[PDB]
Amino acid sequence: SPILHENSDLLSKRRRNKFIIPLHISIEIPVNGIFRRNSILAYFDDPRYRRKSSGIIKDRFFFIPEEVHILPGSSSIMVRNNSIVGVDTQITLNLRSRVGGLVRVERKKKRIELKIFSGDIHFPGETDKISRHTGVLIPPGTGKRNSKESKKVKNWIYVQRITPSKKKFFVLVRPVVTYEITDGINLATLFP
Amino acid sequence: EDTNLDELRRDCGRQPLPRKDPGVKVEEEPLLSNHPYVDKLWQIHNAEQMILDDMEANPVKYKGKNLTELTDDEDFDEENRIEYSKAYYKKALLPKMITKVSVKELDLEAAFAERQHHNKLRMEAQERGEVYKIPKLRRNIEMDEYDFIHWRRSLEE
Amino acid sequence: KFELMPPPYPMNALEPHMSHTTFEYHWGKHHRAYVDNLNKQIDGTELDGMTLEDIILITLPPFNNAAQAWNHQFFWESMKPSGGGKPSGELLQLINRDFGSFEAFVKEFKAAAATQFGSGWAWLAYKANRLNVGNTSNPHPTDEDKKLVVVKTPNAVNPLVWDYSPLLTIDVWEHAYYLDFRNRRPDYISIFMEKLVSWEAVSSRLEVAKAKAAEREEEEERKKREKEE
Amino acid sequence: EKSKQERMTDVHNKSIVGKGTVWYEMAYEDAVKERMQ
Ligand SMILES: [Fe+3]
């Protein structure tokens, strides 16, 4: 049967036009068993790059996690639209908010979409002519070492402009994640 | 009596049988390194590893019988071993070629010593806190040496 | 336009075993002819302005003439009118390592020059070749890979063509000995192996070959470092 | 009639429904070496 030290590389050999892999990543073949050009055989989905947060990443990618709650149409919501709710905020009868931020309630035909955009609410000034509809991501700025009280922001932040009113607009600095395509290469040795 | 036309052509002095001319140049071509005995060495390596791992699963079966002298079946034959079976298909269905390695063909003493040393180092590295890893076994190095001598022969040719 | 190069020793009084009448005829005629023909056939061409080896490896009608002159000059330089009889230095080490003894090497050279059967040059070469087809590289490379091999070449053929390194040459062509003496080739071969071979030039050429092999090995390491970087 | 590539595309869509642009495309030996080096 199996063993404690499972090293399939030391039990598989590759020859000219012949690949022998010991079945114990997973691989799938067609019904007839034949393969074609550019035919995917094995899948190497790695859970290390997986994310539990609903926010998806979109050389490097940025993922902004957002608390999204899909409730039915007949569900009573205890939160108002465009309202700022804190931590542990009771949004429903048995559902509490996990992160504090701006609550967005999207009422569809037969579904209630509640989105909680976590982030720091900042009031932009007159000279801050930031893009309203075009969100801009700010990377880690190289702060000068001369200033002592200058807190260096080592994590990238995503600044999104929220305009609930036609005359009043706010800027929300949502969090971001790091997802690099070039960095990170993990694959189990198949052939010795 | 004549069944090979080339032997007849050589005997009667006539020219060789005409063949279509390949467009490749034999001088400029990749060398051959694969060894023919590599397949048998790999299959006997797999058989040795499997029998040695299965002697561990059944210590009572391994006990009372020497590793050097063992007999799975008295009437086992290599000819009966070759067969085609496509009953079990998880994703693809193809004939499963079966090969039965001979009892004397496997030298179980070296495999037993190797596995003893390997599991000792495995448990030692687990005590350390790191998974034990081994680069290559003996029979794999022997197969690499076979491939190397075949490559030397091809290079000299 | 290459010109004929005079031999190191005085041609008239070099060796009592090779007649100066003979020396003169052979050298002059052959070298001159090859060079002029070669100079005629390379004039107004891309091959002009290059060394003989370049031409040798590239060539075709300008091959046979070039190789012969190159071989002939190498042959002249391969000998001086003294010092023959035994090699020394790294030559002896390499000879006893591969051949086993100096007498074995001499016998092999004699039995390769005798059995040429026609027009040919015999060669002692230091084998440092790099193929350009498939798996040319050798895993677990070590010593004893580069070896001294005694090869026989047909007319106008030199070992330069198979990436080999030329160390010592006997011109087994009739002109060399037929005129000089009654045409018994073993005599000429024996005398060459006895009283004219110069091992100092062979040692110098072995040093040059080991230097070129080292520079190729270091070029391989440079390419590997560029790959890593 | 002949050389129909329907089955290959079908099994590729069953294995990978979303044929997005591959962010990382590399040979097997190159990936193994990068894991080693
Ligand atoms: Fe000559």
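Just so it is clear, none of the values below were taken in a lab; they were calculated from the coordinates. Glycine also receives a Cβ, built like all others from the backbone with ideal geometry; neighbour counts cover every protein chain displayed.
Quick notes on this one:
- What the phi angles of segment A:173-183 give under the Karplus curve with 6.51, -1.76 and 1.60, with θ = phi - 60°, is a coupling list of 9, 7, x, 9, 10, 10, 9, 9, 6, 5, 7 Hz, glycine and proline written as x.
- Sequence-distant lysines (8 or more away, or on other chains) whose Cα lies within less than 26 Å of C:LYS29: C:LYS1, C:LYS40, C:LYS80, C:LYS152, C:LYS195
- In a fully extended conformation the segment linking B:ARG9 and B:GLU27 would gain 3.7 nm over its present Cα-Cα distance, using 0.36 nm per residue.
- Hydrodynamic radius of chain B per Kirkwood, over alpha carbon pairs, in Å: 21.0
- Cβ-defined net charge surrounding D:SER3, 12 Å radius [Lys, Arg +1; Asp, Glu -1]: +3
- Around A:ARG145: net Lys/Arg minus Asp/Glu count, Cβ-Cβ under 15 Å: +4
- Ignoring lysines fewer than eight residues from B:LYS100 along the same chain, the ones with Cα atoms less than 29 angstrom from its Cα are A:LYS13, A:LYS18, B:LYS40, B:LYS61, B:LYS63, B:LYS65, B:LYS86, B:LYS90, B:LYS91, B:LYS136.
- Net charge over other residues, Cβ less than 11 angstrom from the Cβ of B:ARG152 (K, R count +1; D, E count -1): -4
- Label-point separation, A:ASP9 to B:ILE134 (7 Å along Cα→Cβ), nm: 1.5
- At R0 = 56 Å, FRET efficiency that the Cβ-Cβ distance of B:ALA110 and A:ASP88 yields, to 0.05: 0.30
- Rough spin-label spacing in nm, given labels placed 7 Å along Cα→Cβ, for B:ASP2 and C:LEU179: 5.7
- Each part gets one Cα centre, and for segment C:124-148 versus segment A:56-112 those centres are 71 Å apart.
- What the Cβ-Cβ distance of D:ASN13 and C:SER137 gives, at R0 = 51 Å and to the nearest 0.05, is a FRET efficiency of 0.75.
- Against chain B, whose longest principal axis comes from its Cα atoms, helix B:108-128 is set at around 60 degrees.
- When the Cα gyration tensor is reduced to axis lengths a ≥ b ≥ c, the ratio a/c is 1.5 or higher for segment B:50-99, and with a/b not above b/c it is classed as oblate.
- Gap separating the Cα centres of segment C:175-208 and segment A:125-175, nearest whole Å: 89
- Total charge dipole magnitude, chain B, about the Cα centre, Cβ charges on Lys, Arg, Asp, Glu only, Debye to nearest 20: 780
- Projecting label points 7 angstrom from Cα along Cα→Cβ for A:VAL31 and C:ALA13 puts them 10.1 nm apart.
- Sum of -39500 (n - 2.57) over DSSP H runs of 4+, divided by residues of the protein assembly as shown (222 nm, nearest 500): -10500 deg cm²/dmol
- C:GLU24-C:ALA214 FRET efficiency (beta carbon distance; Förster radius 45 Å; 0.05 resolution): 0.65
- Restricting chain D to GluC sites (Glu not before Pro) that sit in a DSSP loop and have at most 12 other Cβ atoms within 10 Å of their own Cβ leaves D:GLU1, D:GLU25.
- Size estimate for segment C:75-229 follows the Kirkwood approach: the inverse of mean 1/r over distinct Cα pairs works out to 17.1 Å.
- Every pair of different Cα atoms in the protein assembly as shown enters the Kirkwood calculation, which places the hydrodynamic radius at 34.5 Å.
- For segment B:69-80, 3J(HN,Hα) per residue [Karplus equation, 6.51 cos²θ - 1.76 cosθ + 1.60, θ = phi - 60°, Hz, x = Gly/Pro]: 10, 8, 9, 7, 8, 6, 9, 5, 9, 5, 5, 5
- Whichever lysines have a C-alpha closer than 19 Å to that of A:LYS115, once near sequence neighbours (fewer than 8 apart) are set aside: A:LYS52, A:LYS58
- GNM flexibility winner over chain B from B:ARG128, B:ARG14, B:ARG115 (Cα, springs under 10 Å): B:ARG14
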